[PDB]
Enquirer: 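Structure incoming, see below.
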Amino acid sequence: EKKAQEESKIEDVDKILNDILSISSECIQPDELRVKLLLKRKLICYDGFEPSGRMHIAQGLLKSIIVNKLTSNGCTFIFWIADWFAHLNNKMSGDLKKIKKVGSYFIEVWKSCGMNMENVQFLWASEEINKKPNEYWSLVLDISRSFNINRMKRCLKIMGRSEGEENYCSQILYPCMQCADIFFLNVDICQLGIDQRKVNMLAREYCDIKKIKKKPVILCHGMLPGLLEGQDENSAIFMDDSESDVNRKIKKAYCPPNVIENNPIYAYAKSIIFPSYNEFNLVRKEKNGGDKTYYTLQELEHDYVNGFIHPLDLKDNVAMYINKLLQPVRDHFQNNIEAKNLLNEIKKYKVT
Amino acid sequence: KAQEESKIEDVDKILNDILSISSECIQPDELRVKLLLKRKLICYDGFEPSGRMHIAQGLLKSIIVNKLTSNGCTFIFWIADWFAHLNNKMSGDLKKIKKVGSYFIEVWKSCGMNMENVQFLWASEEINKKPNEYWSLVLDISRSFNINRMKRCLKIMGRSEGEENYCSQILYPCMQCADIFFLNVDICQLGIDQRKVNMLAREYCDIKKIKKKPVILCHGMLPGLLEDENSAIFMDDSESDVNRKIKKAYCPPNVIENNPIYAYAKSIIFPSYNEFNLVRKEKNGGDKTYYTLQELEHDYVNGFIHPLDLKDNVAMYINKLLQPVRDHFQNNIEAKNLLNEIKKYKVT
Ligand SMILES: Nc1ncnc2c1c(OC(F)F)nn2[C@@H]1O[C@H](COS(=O)(=O)NC(=O)[C@@H](N)Cc2ccc(O)cc2)[C@@H](O)[C@H]1O
Ligand SMILES: Nc1ncnc2c1c(OC(F)F)nn2[C@@H]1O[C@H](COS(=O)(=O)NC(=O)[C@@H](N)Cc2ccc(O)cc2)[C@@H](O)[C@H]1O
Ligand SMILES: [Cl-]
Ligand SMILES: [Mg+2]
Ligand SMILES: [Mg+2]
């Protein structure tokens, strides 16, 4: 009993570790993630969002699957409404009133994205920062003392900017603040897209500079590609798209036969549809011979390169399953009259 | 009647007194407009608690502040504690920075600034009272200027572009620029080494279409004593320290430019006594009382005043002006322990 209780505990951490890594395109030190799973408390994870218009399905549907996997494995998750960051980054022409409306719309979508809200929080940056402004801004100032300008300009990607354009001082303040959020929120796991990893590597550098041994674990998820080959409004599906809009965008999306690399249609099947249902039921023509079910990811790869999966069949299955997962969101913005007028209000905004 | 004619008399008199502080006031005509809107203008200067107080920040500041406050203005001493930490002063130790700040207040209250129209404000304390307004302003300023434009303000921190440029060197001038608006400052009265960030604040007004623009009233920099601790006189120097540093100081004959000894006589001693009594042996020219700066300058450039004679009187005058400060830190026990504490601090 005394020995058997140790063996089950070790295998318990091993399986929790392995399926947390399954949703990560890359993890900065899986050995550190195992150490954090051995602590008798829940791990704090977070992702941050600039309210700058309609919601990408990666931020609604893809996020719901990741947060569900983390909260079922001893983690709590924070949605960070980066309102002040969107203002600093000139989103919505910097209009703070519009940013807050888009933030409220994001929370309305997330609340009906099929997530489990028992261990999930929605926190607003400006609210939390002004609750403890001495601690927060002292962190920001101490981070600015630690890195030079060129080191910080390597984080431009986290705000969708580049060195080719005019670099405003806000592009130095922004990554200092995002880096400070990681410690301000006492985050254990930084669960953001790979486009944010530069500033998360910075936070780990800051721990070694300041001799902080509680370094955050970076658990970056891959970026869902654009629908067109080599990746405006038709580049991805959004949470408010209708059943007709999804079918139209998927129909003209890039889906090369017998090839899965850079295939956004297949990428939707692997990252969105499959983890939602834990299977993929490929329905086909009325008599040609379809309605087949898959169960793991490895057999999905082997059969698309095999030719048993036609492009029109994969696209129509992807488009159909995307519409099923989006229907709880459409139903909420149809029956709940207050959210319906909220959606109509933010759709009249001009995307900057 | 003739009561309107005496109104321009009062305004033009205050104009002349205030404009005498700076050699290049940014638009004197705007200053006259501010005085007609209200007499109680708000002036400020800001200080990093980074060690012992330079006499420019004590004896020279007192000359400037009392000129402004006697004309109905308010003067804010901005004890820039967070800026000193951001600039790596006192090894960034905030507890020692606060200690130096308290010592700065004790010097100022004993060298002519214990008065109702002077306020001692701490940066961290005031920012934390209205943090949403302050930091929103810092962020909006950062959105309005690019990196190269902000790196021009490096001089306000005592840095240069040839050294390693940290991100704190971008945040610092954003926060100093915000202070001008946060404090509702009418007149920025700082040394000319701070002028570039004040010009930035006026650019920010034109970008934001803000009509209330600050007037920049920058005073000249006292040159350094050398051509460390000996490159300047400090408010806590003893008589022997002042005499030693003056004697070994730079004082080129016939040349007043970059002359710290002549600068102390012209900017500190002459305004304090409305004269300069040059004590000399008869064979060296004999005692002479200077009533104007024009004759003082003419005599020095023509060789009538040898540098040794100027040094001896300047050192004697500096020691007489530091006497209220010394008596305060010698007699007041709590001020004595404060100075003794900050003396053993290492500078960085
Ligand atoms: N196609 C895709 N596939 C997979 N993941 C994707 C996307 C995508 O597409 C996009 F164009 F909409 N975004 N994301 C991910 O969603 C989240 C928000 O996105 S964001 O608004 O851009 N956030 C920022 O810019 C961050 N500086 C905001 C921020 C601020 C302070 C913090 O303390 C933490 C974060 C981040 O995690 C992103 O990685
Ligand atoms: N030799 C001299 N002759 C004539 N004036 C002199 C000096 C001298 O010598 C020196 F080395 F000690 N300082 N000053 C003047 O004293 C004051 C404070 O000086 S400081 O501590 O350096 N503060 C800074 O630099 C400022 N960025 C701090 C600051 C921060 C936020 C604000 O909202 C405003 C200001 C400023 O007005 C300076 O011009
Ligand atoms: Cl506030
Ligand atoms: Mg007072
Ligand atoms: Mg004599």
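Just so it is clear, the values below take in all heavy atoms, side chains as well, and ignore hydrogens, waters and symmetry mates. In each ligand, atom 1 is the first atom listed, and ligand 1 is the first ligand listed. Reminder, nothing fancy here: chain letters follow the sequence lines and each chain counts from 1.
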Enquirer: Taking atom types as modelled, is there a side-chain donor on B:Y44 or B:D186 under 3.5 Å from an acceptor on the other?
Expert: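 No - no donor-acceptor pair under 3.5 Å links their side chains.
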Enquirer: For ligand 1, give me the residues whose heavy-atom distance to it is below 4.0 Å, by chain and number please.
Expert: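 Residues A:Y46, A:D47, A:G48, A:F49, A:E50, A:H56, A:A58, A:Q59, A:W80, A:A82, A:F85, A:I158, A:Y174, A:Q178, A:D181, A:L192, A:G193, A:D195, A:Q196, A:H221, A:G222, A:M223, A:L224 each place a heavy atom under 4.0 Å from ligand 1, listed by chain and number.
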Enquirer: A:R330 vs A:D241, test: salt bridge (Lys or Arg N to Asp or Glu O under 4.0 Å). Steps then yes/no.
Expert: CA-CA 9 Å; A:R330 303 196 189 108; A:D241 277 331; over 6 Å; no
Enquirer: So which pairs with a foot in residues 67-79 of chain B pass salt bridge (charged side-chain N to carboxylate O under 4.0 Å, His left out), sequence neighbours left out?
Expert: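 Passing the test, one end in residues 67-79 of chain B: no pairs.
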Enquirer: Output, by chain and residue number, all protein N/O/S atoms separated from the Mg ion (ligand 4) by less than 2.8 Å.
Expert: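 Short answer, with waters excluded from the count: B:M115 O, B:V118 O.
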Enquirer: I'd like to know if A:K100 and A:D83 make a salt bridge, using a cut-off of under 4.0 Å between side-chain N and carboxylate O.
Expert: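 Counted as a salt bridge, because a side-chain N and a carboxylate O are separated by less than 4.0 Å.
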Enquirer: Between A:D245 and A:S242, does any side-chain donor sit less than 3.5 Å from a side-chain acceptor?
Expert: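 Looking only at side-chain atoms, A:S242 and A:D245 do form a donor-acceptor pair, the distance falling under 3.5 Å.
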Enquirer: Do NZ/NE/NH1/NH2 and the carboxylate oxygens of A:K111 and A:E108 come within less than 4.0 Å?
Expert: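 So A:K111 does not pair with A:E108 through a salt bridge.
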Enquirer: With a cut-off of 6.0 Å (strictly less than), are more than 12 heavy atoms of other residues, nucleotides or ligands near NZ of A:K132?
Expert: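 Enclosed: over 12 neighbouring heavy atoms sit under 6.0 Å from NZ of A:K132.
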Enquirer: Please enumerate all residues that pass salt bridge (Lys or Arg N to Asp or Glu O under 4.0 Å) together with A:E32, with sequence neighbours excluded.
Expert: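 Salt bridge (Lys or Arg N to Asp or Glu O under 4.0 Å) check on A:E32 returns A:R204.
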Enquirer: Would you check if there is a donor-acceptor pair between the side chains of B:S62 and B:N66 at a distance under 3.5 Å?
Expert: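 Looking only at side-chain atoms, B:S62 and B:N66 do form a donor-acceptor pair, the distance falling under 3.5 Å.
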